[PDB]
């Protein structure tokens, strides 16, 4: 079973923590990857009720199991805060435009 299901993408907790760690490291070093400069601030326009405090940052999580290194980020993201605490896993899949919905 999946720990997080983003549309048809299935992620385990291990997939998430691996993605989060890579994203947080870049954040810590003040470096970005890709045309959209990941990781970057996640404004939470959606108003998700995250249990940890902001600011939030988003980093792509890939269904391939690889760590994001550039190119297309797909539709899924892991959201972490300044303390490297996991806020949530979100996706563009099933949401209109560039909006997000939470992975289940």
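Numbering follows the first chain given and starts at 1. Take the two forms, find the largest set of C-alpha atoms that superpose within 1.5 Å, and that set is the rigid core.
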Of 24 to 32 and 41 to 49, which departs more from this form in 4 other deposited structures of this protein by CA RMS after core fitting: 41 to 49
Between the two ranges 43 to 51 and 68 to 76, the one averaging a larger CA B factor in the entry: 43 to 51
31 to 39 versus 56 to 64 - which carries the larger mean C-alpha B factor in the record: 31 to 39
Member of 20, 9, 13, 96 with the greatest C-alpha B factor (per the PDB record): 96
Chain third (lowest, middle, highest) by recorded CA B-factor, residue given as residue 83: highest
